[PDB]
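Residue numbers (the authors' numbering), protein chains in the order written: chain R, 335 to 362, 369 to 445; chain W, 243 to 255, 271 to 342; chain U, 105 to 951; chain A, 1113 to 1279. Here a beta-carbon is modelled for each residue, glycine too, at the ideal position from N, C-alpha and C. Below you'll find the structure, written out as C-alpha cells, and then a few comments.
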Ligand SMILES: Nc1nc2c(ncn2[C@@H]2O[C@H](COP(=O)(O)OP(=O)(O)OP(=O)(O)O)[C@@H](O)[C@H]2O)c(=O)[nH]1
C-alpha cells in the first residue's frame, strides 16, 4: 500500500497541518437533545489535556519512521567499517536513462 | 513497429578491463519501457549522490504549479518567506 | 477434545459448550478492498486469545495467510476460517466464527463462498485510501445476499502518522468515508435499517498494526473505568457529529460554545490519540514516561528501549486492551444463527421457506433433521484428499455417522446425484490448527472428512433413511463472469490422466474455476484475471498433479449478436418435410439483456405481470408482451423468443404441442451459436409462421428440435452478425504527477478513460477507465513499470461490447503473427477462434 | 494403422523424426492428421517386408507429409538436404537468384511451380570435420606441404561435391 507520508518543508509550521499536496475534503445523526439531562462530572476532562498536541520534535520524529535503515532504528549493534556498503542502494535503483552505455553496463 | 513485429516473430519462431558494450540490456522497442516516467516523490524527495540544485532545476514542475493553485495567500507568503530564508 | 493445541486464554471446554447456545455464536465474514487490513484484524485477535502466539517484532505473522504463495506473494488468495471465544465489553464471552476473505478483485468467489455461510459482514475500509473498487463491489454483494453490514475504518494511524492531518480534518475524513458507505448502501437497498453510524455502534475505528480498536462506547468505557462516575452508554451518544462540550456547564450542546470550539469526537477521542502517538514517536526519551504515568501505563525499563513501532504497539495495547469494540459491534448488529436463520433459508434454499423442511431449518434447532451446507473445500497438504467446510443449519453432524451428500443437480425426482458417504472426523477450525471434535450442533461451522468424493463445488449434507424430501441449497452466484481463458496439455501426452485428475482437483479448490473439454479435445480453464490463473496454474503444477503442463496464450470468451432485423424471413423444414418453422431475428432493446440476466424479470412470473412489465418498460403491445416463450440459452439468458403466429393463420392450440420443442431448439442454438461456438447475447427471435404437422408420430422428439436449431442459426445469420468483447473496468490509484502516464499506458490498448478524480484527504488520484479484456494482458505490468511502481490497478469485468469489424467478410487478409488494425478485429477473432475450436475454416452462410 | 496400433492419448507425436536443421516454420509441422498419415504409410511399407530378411526401423527413417497443414516437402538424398516449397503455397514473394535455391519448373509449361532449398547433411559436415581432425591429429613430424595437400584434397572433394549446398 502506497505510503502517503507528506514530507515537511517548514520547521515553523504545525506538525499536524493540512498540507497543500493533500487533496481537499469537500465538506458535505441520532444525537440526543441538549435538554437531555446528561452532565459530565466535575473532575472529568479529555485524557491528555495539559500535554500539548505536537512538540518541537514531533515533525522530525515522524519523518524517522519513513527513514531508511539504520535511521529507522533507535538502538542496535555495531558493524565493522568494511561491512557497510555506502553505494549498494545506489546501483539497486533503475538503470539511469541518458547515461552513456558504459555506466549502464 | 517493425522491431515489434520482429520481436513477435523471434519469440514465436586478452585482458579486457572495460565491459563490452554489447553486454548491455535495456534496448527495447516499447516506448513505455524506454522513456519511463520518473518518480517525483511529491517534489520533496530526491535522489542520492546527485547535486541537489541540479535536481531542483530539472524536476517536472507539476507540484510547483499545484502549490501555486491550491496554496492560499497566507501559505503562499510563508512559503515565500522560507524561500527567501 | 484430546488434541494438542496452543495455549488459549479461554479453555476448549468452554468453546465446546458455547457451540450449543446459538445465541452466543456470531458467524461473521471479514471483507474489504485489497490490503485494507483484514488479516491482522483476526491476527491481533488470535494474539489476545493465544498468549504464546506473538507477532515477530519486524515481521507480521499473518496466521491466516497460511499458504505458500500467500506468504511470499503477499496477497490473500483463499478464505480461511477462524473460531475464537472473544470477550465482550461487559466481560461476557461469545463464540465468533470469522471468515477472512481476500481483497483482490480476482478472488471474489472466495468472498461469496464466505458470505453464504455468514449472518453478517464487517467491511474493512483503509482510512487513508477510502472507498475503493472492491469496497463498493462487496457492499453491493453483501446487501444483495441479505447480510447485516458493519464497518471497520481501519488504518487510522495513517491519518496521524502519514498524512499528519489536523484532528478535525481527520474527523472530516472519517465522516466522509462513513457518508460514502451510507450512500452506496442506500443505492443497493430499499429499506433504511442498514444506516451505518458510529452513534449506532455500527462503525468501529481501528489500527491493527498498533493494536488499536475502539467504538464510541468502548472509548467512553475507558473514560468511565478511569473516572468512575460517568455512564458510558450515554457518554457514547455525545461523542460524534456536530455536538460540542460546554466545559463551563459540563453539558453537551448542539451548538459550539463561542468559536474555536472542537466537536466532541475531536476533543475527547481524536486529540488523546494524536497525543499518545505523538508522544511515543517524537518525545520518547523526553516526556513519554510522564504521559504514560498520566494514563496509568507502566512499561518496564527493558520495554522503553524498544524501537518506536513495537513501542507504539505496546503502548496502544496497554491503553486500549482487547478488541471489545469489535465484539460489541458484531454482537449488537450481526444476528445470531438462530435469528438469522430465516433470511438464510428465505434466500439460499431451493425449497422455499414455506416448506416443512424450510420451517424445521428456520428455527436452527440442533435436535432436528441434519442439514449442513458446505461451500469451500480445503485440501490437506499432501494434496490428495479434501475436507468440506460449511455450516450446520440444523440437526447435528457426528463423527462416524453415515450421511447423504446431495450434489448441485439433485432434484426431488432426479435423485441420482445424491450419494451415501461416511463422515470420518470433524474439526473445529482455527486458522492454522484444527481442533478435532466429536459433534457439531446447528449454527456452527465444521470441517468434515469423508464426504469429499461426490462434491465438486458445493453440497447439502443430510441424513439417509429420513429427510425424504430434502432439496439442495442454491449454488453460489458470483460477483463476476469468468472470461479469461487458457488451454493446457501435458508435455508428455502419455500422462494425460494425471493432468485430468489435477484439473478435477483444482476445480474443487477454486469456487468459480470452470474447466471444460472443448470439442477439439482441448482442455480449457476459465478465470477472472492474471493473478487468478497464475495461482491456478501454480497449484495445478505443484500440488495436485506433479507433471509438466503446457500453457496456451491467454484469450477471452466472445459472444455473438446482431445489429438489425434479418432481411429475408428465414425458414427450415424437418427431414419429414411436413413441419415448417419461420423466424426472424432482431436485437433486443437497449438495456434489456441486463434485466433478463439480472433477474429483474423472470419467466416464472404469470403472463399478466410479465406482459405488464414489458409493456410499461419497453413499449410492447399486450399481444407480444405476453407472448414470450423462453429466455436465452439459460432460464435467464439474454435472449427472448416470441411467437408472432396469428391465431387465424395457425391453430394456437395445435402450435402449443411444439412450443416445448421450439423452446428447446432455441435454447440449444443460442447456447452454441453459429459463428465461433460462443454464446449469443442481446438477440430477439420472433417466430412468424410455424406450420405444424397434425400427426403426432411425425412431430416431436428428434425431428423438430434440430429444425428449430437450424432455423435459429439461419435467422441469426441473415441479421448482420457481430462478435462481442468482454470489457474490463480498471481503477488506478496513482499520484497526481503519474496521472498522465496512466493515459499514455492506456491509449495503446484500446483503452478509454471515463474519469479521473482526486481522493479526498489523500495526495493520490483515481483514474477509472474501460479496457477490452483481450487488450489487458500485461497492462498492470505496463502501468506499474512505466510509473516506477507508483501506479497500481485492479481490473474487473464490466460489460460486453461489439468488436469493431465485421466477422463475416472474406475480403479481409490476415497475416499469422501480427496485430490487426481495428477495422477487422472481428474477422480475426472469429476465424482464429474457429481454428482453435476445431471447426471448419469459415462459415457457410445459407438458409 | 490405428486399428492395428490405436492411439488413445495421441502419443504418435513423440517418436517422430524431424529435420532439425531447417527453421521451425520450414520443418515438418506435426499436426495429428499428418503425423498419423506418416506413421500409417511407414507401417504399411514396413509390413510388406518380412522381418527375417531385412527391416526398416522407424528411428532411422523420416516420413515427411505435404498436406493442407504442411506446405514443405522435405527429404535427405545422397548427402543433400533438400526442401521443396511450391510457389502457390506460402511463398507469396518474389524471389531473386539465390545460390542454394533450385528453381524447379514444370516440364510441360515452363513455369516456376516450386523451389528446392539445398543444404549439406549434418552427417556430411561431421564427416568432413572429422577428416580435418585426422589431418591435424595425425600430423606429428610431417612436412607442411603434406598437411596443406591433405587440406586441399578435403576442401576440393567437399566443395566440388556440394557446390551450392555449401553456400
Ligand atoms: N499503516 C498501517 N498499515 C497497516 C495496518 N494494518 C495492516 N497494515 C499493513 O497493510 C498491509 C495489509 O496487509 P494485510 O492486512 O495482510 O491485508 P488484507 O487486508 O488481509 O488484504 P489481502 O491482501 O487481500 O488479504 C500489510 O503491509 C500490513 O502490515 C494499520 O493499521 N496501519
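Sub-8 Å separation of residue i and residue j beta-carbons
{"i": "residue 1193(A)", "j": "residue 1231(A)", "result": "yes"}
{"i": "residue 310(U)", "j": "residue 257(U)", "result": "yes"}
{"i": "residue 173(U)", "j": "residue 184(U)", "result": "no"}
{"i": "residue 948(U)", "j": "residue 823(U)", "result": "no"}
{"i": "residue 901(U)", "j": "residue 587(U)", "result": "yes"}
{"i": "residue 527(U)", "j": "residue 555(U)", "result": "yes"}
{"i": "residue 339(U)", "j": "residue 328(U)", "result": "yes"}
{"i": "residue 576(U)", "j": "residue 507(U)", "result": "no"}
{"i": "residue 1195(A)", "j": "residue 1134(A)", "result": "yes"}
{"i": "residue 805(U)", "j": "residue 774(U)", "result": "no"}
{"i": "residue 923(U)", "j": "residue 909(U)", "result": "no"}
{"i": "residue 303(U)", "j": "residue 289(U)", "result": "no"}
{"i": "residue 642(U)", "j": "residue 593(U)", "result": "no"}
{"i": "residue 334(U)", "j": "residue 380(R)", "result": "yes"}
{"i": "residue 794(U)", "j": "residue 803(U)", "result": "no"}
{"i": "residue 497(U)", "j": "residue 476(U)", "result": "yes"}
{"i": "residue 826(U)", "j": "residue 930(U)", "result": "yes"}
{"i": "residue 1212(A)", "j": "residue 1279(A)", "result": "yes"}
{"i": "residue 209(U)", "j": "residue 238(U)", "result": "yes"}
{"i": "residue 590(U)", "j": "residue 651(U)", "result": "no"}
{"i": "residue 747(U)", "j": "residue 761(U)", "result": "no"}
Burial state of residue i (16 or more Cβ within 10 Å)
{"i": "residue 570(U)", "result": "exposed"}
{"i": "residue 435(R)", "result": "exposed"}
{"i": "residue 898(U)", "result": "buried"}
{"i": "residue 337(R)", "result": "exposed"}
{"i": "residue 513(U)", "result": "exposed"}
{"i": "residue 918(U)", "result": "exposed"}
{"i": "residue 383(R)", "result": "exposed"}
{"i": "residue 217(U)", "result": "buried"}
{"i": "residue 202(U)", "result": "buried"}
Proximal chain U residues relative to residue i, where beta-carbon distance stays under 9 Å
{"i": "residue 1122(A)", "result": "597, 600, 625"}
Three-state secondary structure assigned by DSSP to residue i
{"i": "residue 161(U)", "result": "coil"}
{"i": "residue 182(U)", "result": "coil"}
{"i": "residue 247(U)", "result": "helix"}
{"i": "residue 621(U)", "result": "strand"}
{"i": "residue 457(U)", "result": "coil"}
{"i": "residue 286(W)", "result": "coil"}
{"i": "residue 489(U)", "result": "coil"}
{"i": "residue 887(U)", "result": "helix"}
{"i": "residue 211(U)", "result": "helix"}
{"i": "residue 1155(A)", "result": "helix"}
Listed by chain order, chain W residues near residue i by CB distance under 7 Å
{"i": "residue 659(U)", "result": "Ordered by position in chain W, no residue passes the 7 Å Cβ test against residue 659(U), which lies about 15 Å from the chain."}
{"i": "residue 341(R)", "result": "299, 301, 302"}
Where residue i meets chain W, residues with beta-carbon distance less than 9 Å
{"i": "residue 842(U)", "result": "294, 296, 297"}
Closer than 7 Å at the beta carbon, the chain U residues around residue i
{"i": "residue 317(W)", "result": "841"}
Neighbour list for residue i in chain R, Cβ cutoff strictly below 7 Å
{"i": "residue 281(W)", "result": "441, 444, 445"}
{"i": "residue 338(U)", "result": "378"}
Partners in chain R for residue i, counting only beta-carbon separations shorter than 8 Å
{"i": "residue 356(U)", "result": "374, 378, 380"}
Item to check | Ordered list of alpha helix (DSSP H) runs contained in the stretch 382 to 442 of chain R, each at least 4 residues | outcome: 399 to 403
Item to check | Where the stretch 879 to 891 of chain U meets chain D: residues whose CB sits under 8 Å from a CB there | outcome: As a matter of chain content, chain D is missing from the structure shown, whose protein chains are R, W, U and A.
Item to check | Length at least 4, wholly inside the stretch 244 to 311 of chain U: the alpha helix (DSSP H) runs in chain order | outcome: 271 to 291
Next on the checklist: Just to confirm the assignment: which complete alpha helix (DSSP H) runs, minimum length 4, are found wholly within the stretch 541 to 580 of chain U?
Outcome noted: none
Item to check | Uninterrupted alpha helix (DSSP H) stretches inside the stretch 840 to 921 of chain U (no shorter than 4 residues) | outcome: 843 to 851, 883 to 890
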